[PDB]
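So the structure is just underneath, and the comments pick up after that.
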Amino acid sequence: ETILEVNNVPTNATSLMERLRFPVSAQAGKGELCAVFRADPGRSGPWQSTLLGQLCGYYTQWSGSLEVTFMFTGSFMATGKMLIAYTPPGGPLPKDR
Amino acid sequence: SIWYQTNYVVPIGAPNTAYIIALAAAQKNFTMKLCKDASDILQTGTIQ
Amino acid sequence: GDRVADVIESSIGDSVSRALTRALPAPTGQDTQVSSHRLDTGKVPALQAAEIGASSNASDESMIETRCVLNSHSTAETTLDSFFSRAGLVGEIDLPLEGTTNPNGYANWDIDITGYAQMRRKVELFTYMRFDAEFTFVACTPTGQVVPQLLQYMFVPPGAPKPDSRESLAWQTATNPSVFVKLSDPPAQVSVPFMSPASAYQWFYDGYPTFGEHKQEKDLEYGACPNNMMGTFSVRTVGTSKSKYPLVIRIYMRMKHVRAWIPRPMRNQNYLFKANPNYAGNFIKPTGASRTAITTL
Amino acid sequence: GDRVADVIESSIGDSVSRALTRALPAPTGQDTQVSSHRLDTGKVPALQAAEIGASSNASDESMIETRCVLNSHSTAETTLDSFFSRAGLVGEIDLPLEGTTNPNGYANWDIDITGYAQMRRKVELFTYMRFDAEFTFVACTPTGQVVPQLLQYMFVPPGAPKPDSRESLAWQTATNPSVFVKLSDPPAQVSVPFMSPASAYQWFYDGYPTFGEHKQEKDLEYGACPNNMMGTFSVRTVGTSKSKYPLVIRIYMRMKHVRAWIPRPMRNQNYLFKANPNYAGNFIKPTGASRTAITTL
Amino acid sequence: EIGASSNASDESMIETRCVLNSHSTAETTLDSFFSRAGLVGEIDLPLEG
Amino acid sequence: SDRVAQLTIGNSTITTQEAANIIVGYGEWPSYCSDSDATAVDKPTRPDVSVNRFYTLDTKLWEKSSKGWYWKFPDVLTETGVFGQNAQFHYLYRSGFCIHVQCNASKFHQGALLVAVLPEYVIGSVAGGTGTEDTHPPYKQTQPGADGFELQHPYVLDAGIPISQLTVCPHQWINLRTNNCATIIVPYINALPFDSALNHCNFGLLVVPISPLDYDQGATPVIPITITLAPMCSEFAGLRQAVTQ
Amino acid sequence: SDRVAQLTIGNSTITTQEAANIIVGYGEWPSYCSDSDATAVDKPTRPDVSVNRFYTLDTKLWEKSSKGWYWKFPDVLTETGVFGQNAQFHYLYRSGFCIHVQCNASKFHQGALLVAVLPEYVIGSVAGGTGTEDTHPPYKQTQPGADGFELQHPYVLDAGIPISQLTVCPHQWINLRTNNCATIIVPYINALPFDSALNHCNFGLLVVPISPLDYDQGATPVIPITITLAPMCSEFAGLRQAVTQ
Amino acid sequence: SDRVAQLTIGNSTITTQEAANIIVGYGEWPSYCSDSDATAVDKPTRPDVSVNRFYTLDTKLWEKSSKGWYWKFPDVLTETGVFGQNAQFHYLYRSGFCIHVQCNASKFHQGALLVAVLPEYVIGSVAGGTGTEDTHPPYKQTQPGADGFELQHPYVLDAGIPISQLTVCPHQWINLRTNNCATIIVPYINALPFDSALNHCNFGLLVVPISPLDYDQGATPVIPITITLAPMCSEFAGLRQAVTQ
Ligand SMILES: CCCCCCCCCCCCC/C=C/[C@H](O)[C@H](N)CO
Ligand SMILES: CCCCCCCCCCCCC/C=C/[C@H](O)[C@H](N)CO
């Protein structure tokens, strides 16, 4: 496992460190969207920060299931439930939960 | 895609915003084929 | 578990492909057995029905009085490897000194064997082909003269950085396979494996590679198979300055270990575009020659 | 056949209903065993979790010091047949001389046991009930006097022609079962089987019987179960002329061979309509009595 | 948190079929990855320089 | 060993770290219809993984003054995914269910939810208050869809039945102090081996807060309740053109 | 014993009294994907009877001047019934087919239809006639749908391939003098164990009249051609939200 | 059974009640040099309990804007106790390590530390920003001592290597919500059986907060990070007069 730059929006040097993690907060409870990213490891994007993606950049063809683990860094008293969904190829970005 | 199932519930006296760290890896059936050149060349001029 | 009859007796999951036919060895052509005059009723080999869609199985013995001929004519030369394992031109690379095509001393050739009808008509006979490849690169000046020039042939798989100049950093070939030969040397010859993600190359792909609306700008994506995009071929003159000689490079491909599936009708119209079955609409010509009348030769 | 693992090892078709519980005989109440003072840590029968949704299984012995009591109290009278096999009023038929309801000397009573709360509250305790029926018809004048009048009770199954007059042709009862008794005779009593198309009567049907738009005119179809429409009850005074005496007929039903499924909360509001769980919205009363304060009795 | 990669498999998360994976892992070995000649040094021998 | 649980079915997985065990409705797991109970002669279709998966249908906000909500089954899925498509194309229906209600809060929140499954939950009207009016609930109330419906008088469950006796049905309690999820597995409950998935609602799920939600000002005021459910051993029969309602 | 036949699959039955035997495409019956050939790890759904049934999609009128028509598979069923719903909800696709073309006439009518199945039938454009224009066929021509498409130049099949060699593919002849139906059973023909049912068309069915229809004036002038087909051993995988195109 | 742990070595004992298991660097326990791997002929000294003990070297304060810190081994102990005396008097060095990072907070604090061990962690300079200046890090930065050193650009770890791939090295996470300690056991990592304990730094320990520390105003604002470590199977050889640097 290596840190996946899901929140790869920033570009300035003083905030390059916040690309490693993305935030969650109290919401309105309507099943809003938190983050999206493509599942291609050797494609330009979040997966370039991973050692898996860097190595797959050296190989044209890959085959096998990938695994993504999200670590919650909130306080011990903070709870909540999140839905993480993988959309197989062919379907566009889901409009809602 | 990551969606809020219910909400992020926090009591009084704890931070209202929390961060999530995503770690990515491959399973045991992952294989690679057709070794190719690197897509990025970490070099601008001659390495002096 | 399974307690209902429709599940217990279900044939779901039977992955064996019931094949009504089995391959039988046939080293030589079939022998002809003795036949005699046959005058009987009810049974008739001559009358068949092409209506069914099966080729008529009437033999020589069942139609005319035949002798006994031991046919020893071998069928080896009509096999797939015998038919296809002959090198033929598939691509040509021009490296001019002053020109508009490749004046930079390098040229990127997208690997595709559809650029020449001689090879294309043969390969296009089958829908799916699985084979190895052997590529030979014959390089010479436009006058056919050999010159002491050192070249580099680079195999650039899909996704690898395409060189943009003769001194580009991509030529360091730290991972890509490269061949360094001189024109005075015999033509460079390498063996290329079956690199398609699919189990077999498909020359015709009746579909689109990506979802979405296929408008006018996104209309060239029809018939393009990413499973056949084996990569790019990059060639350059090994040097910092411009080469002294103009070069033209011809690439000959020879398939081996060939396997083929799904025969289709052979092309009968002039080819117009790479990876495109387009034909001249107003210039549709008949497959064969014509004659003035049907009752005369 | 089955060759793929996901089909061979599939549990599809397993029609056995895995039941975590099995019925055990219990002719009498459970005995109470000797218990003594118990002072230990880690193990605690008193603390439970109603959170799970299961009734607490703490026993008398695990809470207080108990003696040995051999409980011989029989549990026979709380069984389904013991509780339900008691005849009770389910329908009343009025046969007046001069009136607006049934001045024709006959009356058609659609068979339904929801017309009287005494019976309805008992039967409505369970969602599905399967039973036989025994119907007794007590007929008398409004003064309670018995008169020499001969009556005909006809069972009219759903689809059979409903009589429209005292001399209608439907009374020929050539196929329908009919009972001819006099008021001086003991009340007529017959046994009725389980005639529902379903495997059990359902007092609550959360659905509609037919497809289509359920507008205002087609709005009474909610909650009506055709599988409970057992037919119509037709009664008439056997004669061509008008009867001399006014009659009121009370029909008592007594279930037997009762089977019940899916217990539900018992009704706690006044009934308003047959085959309708409607309740007085503004007059919702508490299930039990109230008291001035919680700290006093 | 422990620092070990999660060992959850496909079978333990979603309903999977039986797939006989015959994809070879030979090309990702050290010699397969590294035994490809690449430029490491360049020497210039000019006439006037 | 009883507080952490993971339910996986089809291609969906639901986890929980503060579970309160699992209730099997009437002590019976969902199962396919036996050949001695089936009455239709056509071979039923069993799409399996394409329909037996966890559907997250809607999210309701729990408030200090909420009365409660109820959903009808399989109405909630008559218009959702491959399951809804099969229910529309097929006349007959048979399946179990696995209902997982999510309601998570902090250790400083309090409140109790009663999550129960009431078969053949027939909704009645208020009969015009006095009871002299023979009204019927509208289509949007008898078949609320995926949005559910808010109870008007949760004490009688809008059906003249006290909620105090609702625990006789398969039920679980979501008491925010201990557990944040309720899992109920409900087999097929009907008097028929098969029934229409559009006209007939086999059972209704009730989520009624018995103890009102409370918290001091400053804590997270939005406490959502999310219903997640997965049909089990779904069968379909009597295929014809699709029917929308 | 060979002229009368009855094909039953799912809940549909097709009969014929003037059949001309049955052609199994490349001598191979449709079969489910073996575990040594499958590459997707998720368990595929096999709806069986709900999708493996005879669909009557459209009727084309044969005329004395008709050029021919072609249909694309499984495009013709991407928007038909439970099969279309499954193809929309699932990314992967695998099935065989059983194509039954109906074309009935009297004993005084004459004409011959060539019914063939050409895998990966890529349609090309006329390239502006002269061939200097790099055109591509429109979406309505590459994916005609259930209406099929009329060939412009049936001699080259609008793809530069002579129809005289089309008989190398699995084919049957509908010669009105003898038979009024053609039955072709086509297994899954692709280089992949699974493929998208929307983007990729595995094969195209061609119905081209080689001998023109003829009849004396007075006979029935409307000779319809009806295509009836039934997927065999259909599998689906990679479920997500529905995708219309 | 996995959250409570006690590490005892030498005459020092370290306990923990919110541990997160123990990471053995590269799955290999520290061990003495085998006679087939040793190259020096003199008999090495193995002081055992006098050097194999937990040293608490310094305490760093974690702040909401901290960038991270790193320590070099065995530089941190070159000037500490009997271990430092032996490292100064002996030319050769060989030992493993057991690094225990302490960072304790309350249940209302949040933040995540990445504690990793990177062998041969060579520190580079910023090369004057543009990269045209061939600078080298000073002695106080390449060998920071027991005070460690604060990273300037933790994203590249001041060495041009992304921290996102740092987890490939033996590492543990101190996420204040669950655990307050990270234990890493590192064997001897070098290309030589012995090496100088002063000139060569076998590995560098990195403590970089990936998720910033946060807490509402009023809680304890001082959250210290304390490094405790114990050499394992320490050997020394080549005795001479003491050398200070
Ligand atoms: C020195 C390196 C040479 C590498 C040679 C790789 C050749 C691979 C053999 C097959 C190449 C694809 C041939 C063309 C396929 C299809 O017809 C076209 N892509 C149509 O789109
Ligand atoms: C002399 C002939 C008498 C025939 C007696 C037939 C009685 C059959 C027993 C069950 C009758 C149905 C009772 C009512 C069922 C439901 O509650 C209502 N139909 C509600 O719609």
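We place every Cβ from the backbone using ideal geometry, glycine too, and count neighbours over all the protein chains shown. Just so it is clear, none of the values below were taken in a lab; they were calculated from the coordinates.
Kindly establish whether D:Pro148 is of a type outside the set (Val, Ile, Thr) and over 16 Å from D:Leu247 (Cβ atoms). Step through it out loud before you land on a result.
Details: of a type outside the set (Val, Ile, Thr): yes; over 16 Å from D:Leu247 (Cβ atoms): no.
No, not satisfied.
Can you find, within segment F:149-158, the residue that is farthest from the other protein chains (Cβ to nearest Cβ) among those that are surrounded by fewer than 23 Cβ atoms within 10 Å (Cβ to Cβ) and in a loop (DSSP other than H, G, I, E, B)?
F:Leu151
Which one of D:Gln118, D:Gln48 is among the polar types (S, T, N, Q) and under 30 Å from D:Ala275 (Cα atoms)?
Testing whether each residue is among the polar types (S, T, N, Q) and under 30 Å from D:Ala275 (Cα atoms) leaves just D:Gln118.
Take the residues in segment D:1-29 that are of a type in the set (A, V, I, L, M) and under 29 Å from the mean Cα position of the chain (by Cα); name whichever of them is farthest from the other protein chains (Cβ to nearest Cβ).
Among them, the one singled out is D:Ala26.
Determine, yes or no, whether C:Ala54 is of a type in the set (A, V, I, L, M), within 14 Å of chain G (Cβ to nearest Cβ), within 16 Å of ligand 1 (Cβ to nearest atom) and closer than 30 Å to G:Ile161 by Cα.
no
Considering each of G:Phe236, G:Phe203 in turn, give the residue that is over 30 Å from F:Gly10 (Cα atoms), surrounded by 21 or more Cβ atoms within 10 Å (Cβ to Cβ) and in contact with a strand residue (DSSP E or B) (Cβ under 6 Å, 6 or more places away or on another chain).
Unique residue meeting the criteria: G:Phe203.
Go through (1) more than 9 Å from every other protein chain (Cβ to nearest Cβ); (2) more than 14 Å from F:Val207 (Cα to Cα); (3) surrounded by fewer than 24 Cβ atoms within 10 Å (Cβ to Cβ) one by one and return the number of the condition F:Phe83 breaks.
(3)
Please determine, by comparing only the residues of segment D:211-233 that are more than 14 Å from ligand 2 (Cβ to nearest atom) and more than 7 Å from chain F (Cβ to nearest Cβ), which one is surrounded by the most Cβ atoms within 10 Å (Cβ to Cβ).
D:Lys218
Out of segment G:1-52, which residues are over 26 Å from C:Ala23 (Cα atoms) and among the charged types (D, E, K, R)?
G:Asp2, G:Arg3, G:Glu18, G:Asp42, G:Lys43, G:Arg46, G:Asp48
Could you check segment H:182-235 and list, in sequence order, the residues that are aromatic (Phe, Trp, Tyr) and in a strand (DSSP E or B)?
H:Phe203
In segment D:124-142, which residues are within 9 Å of ligand 2 (Cβ to nearest atom) and away from chain F (no Cβ under 14 Å)?
D:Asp132, D:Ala133, D:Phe135, D:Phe137
Being under 26 Å from G:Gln165 (Cα atoms) and in contact (Cβ under 8 Å) with a residue 12 or more places away in the chain narrows it down to one residue among C:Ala23, C:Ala49, C:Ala54, C:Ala58; which is it?
Just a single option satisfies the conditions, and that option is C:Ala58.
Go through segment C:272-297 and give me each residue that's within 24 Å of C:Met229 (Cα to Cα) and facing another protein chain (nearest Cβ under 8 Å). Before you say what the answer is, go through the steps one by one.
Within segment C:272-297, the subset within 24 Å of C:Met229 (Cα to Cα) is C:272-279.
Hits for segment C:272-297 are C:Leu272, C:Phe273, C:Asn276, C:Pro277, C:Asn278, C:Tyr279.
Out of the residues in segment A:38-97 that are surrounded by fewer than 19 Cβ atoms within 10 Å (Cβ to Cβ) and of a type in the set (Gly, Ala, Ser), state the one that is farthest from the other protein chains (Cβ to nearest Cβ).
Only one residue tops the list, namely A:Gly45.
Can you tell me which of F:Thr226, F:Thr178 is within 14 Å of chain A (Cβ to nearest Cβ) and buried (at least 23 other Cβ atoms within 10 Å of the Cβ)?
The match here is F:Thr226.
Restricting attention to segment F:110-126, which residues are surrounded by 22 or more Cβ atoms within 10 Å (Cβ to Cβ) and within 7 Å of another protein chain (Cβ to nearest Cβ)?
Filtering segment F:110-126 for residues surrounded by 22 or more Cβ atoms within 10 Å (Cβ to Cβ) gives F:113-125.
Listed by number, the residues that qualify are F:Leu118, F:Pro119, F:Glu120, F:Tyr121, F:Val122, F:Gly124, F:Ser125.
Name the single residue, out of those in segment D:62-115 being under 19 Å from D:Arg166 (Cα atoms), small (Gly, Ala, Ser) and surrounded by 13 or more Cβ atoms within 10 Å (Cβ to Cβ), that is nearest to ligand 2 (Cβ to nearest atom).
D:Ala107
Could you run through segment C:114-142 and say how many residues are within 11 Å of ligand 1 (Cβ to nearest atom), of a type outside the set (S, T, N, Q), part of a loop (DSSP other than H, G, I, E, B) and over 25 Å from C:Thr237 (Cβ atoms)?
Counting residues in segment C:114-142 that are within 11 Å of ligand 1 (Cβ to nearest atom), of a type outside the set (S, T, N, Q), part of a loop (DSSP other than H, G, I, E, B) and over 25 Å from C:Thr237 (Cβ atoms) gives 1.
State whether one or more residues within segment C:207-218 are farther than 30 Å from A:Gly91 by Cα, part of a loop (DSSP other than H, G, I, E, B) and either within 14 Å of ligand 1 (Cβ to nearest atom) or free of Cβ contacts under 8 Å to residues at least 24 places away in the same chain (or both).
Taking segment C:207-218 first, the residues farther than 30 Å from A:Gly91 by Cα are none.
Within segment C:207-218 (the criterion being farther than 30 Å from A:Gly91 by Cα, part of a loop (DSSP other than H, G, I, E, B) and either within 14 Å of ligand 1 (Cβ to nearest atom) or free of Cβ contacts under 8 Å to residues at least 24 places away in the same chain (or both)), the answer is no, since none of the residues qualifies.
Let me confirm something: among G:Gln165, G:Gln141, which residue is farther than 30 Å from E:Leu20 by Cβ, facing chain C (nearest Cβ under 8 Å) and in a helix (DSSP H, G or I)?
Numbers: G:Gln141 fails: facing chain C (nearest Cβ under 8 Å).
Within the list G:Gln165, G:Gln141, the selection yields G:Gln165.
Which pairs have Cβ atoms under 9 Å, sit 6 or more apart or on different chains, and link a residue in segment B:36-48 that is within 24 Å of E:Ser32 (Cα to Cα) to one that is surrounded by 10 or more Cβ atoms within 10 Å (Cβ to Cβ) and of a type in the set (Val, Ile, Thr)?
What qualifies is B:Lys36/A:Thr60; B:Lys36/C:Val156; B:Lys36/C:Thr175; B:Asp37/C:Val156; B:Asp37/C:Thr173; B:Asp37/C:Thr175; B:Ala38/C:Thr175.
What's the total number of residues in segment H:22-38 that are among the polar types (S, T, N, Q) and either under 18 Å from the mean Cα position of the chain (by Cα) or closer than 16 Å to H:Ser95 by Cα (or both)?
Final tally of qualifying residues: 2.
With respect to D:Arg236, is the statement that it is within 16 Å of ligand 2 (Cβ to nearest atom), surrounded by fewer than 18 Cβ atoms within 10 Å (Cβ to Cβ) and under 26 Å from D:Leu169 (Cα atoms) true? Break it down stepwise before answering.
On the way: within 16 Å of ligand 2 (Cβ to nearest atom): yes; surrounded by fewer than 18 Cβ atoms within 10 Å (Cβ to Cβ): no; under 26 Å from D:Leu169 (Cα atoms): yes.
No; evaluated as a whole, the condition is false for this residue.
Inside segment C:254-277, can you point out the residues that are surrounded by fewer than 20 Cβ atoms within 10 Å (Cβ to Cβ) and not in a loop (DSSP other than H, G, I, E, B)?
Of everything in segment C:254-277, those that are surrounded by fewer than 20 Cβ atoms within 10 Å (Cβ to Cβ) and not in a loop (DSSP other than H, G, I, E, B) turn out to be C:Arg254, C:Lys256, C:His257, C:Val258, C:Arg259, C:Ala260, C:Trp261, C:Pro263, C:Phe273.
Among the numbered criteria (1) within 14 Å of another protein chain (Cβ to nearest Cβ); (2) in contact with a helix residue (DSSP H, G or I) (Cβ under 7 Å, 6 or more places away or on another chain); (3) within 13 Å of ligand 2 (Cβ to nearest atom), which single criterion is violated by D:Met255?
(1)
Need the failing condition index for D:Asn176 against (1) farther than 17 Å from D:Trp109 by Cα; (2) surrounded by 12 or more Cβ atoms within 10 Å (Cβ to Cβ), just the number.
Status for D:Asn176: all satisfied but (1).
Only one residue in D:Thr173, D:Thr141, D:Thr136 is touching a strand residue (DSSP E or B) at 6+ places or on another chain (Cβ under 7 Å), of a type in the set (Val, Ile, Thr) and at positive phi. Which one?
D:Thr173
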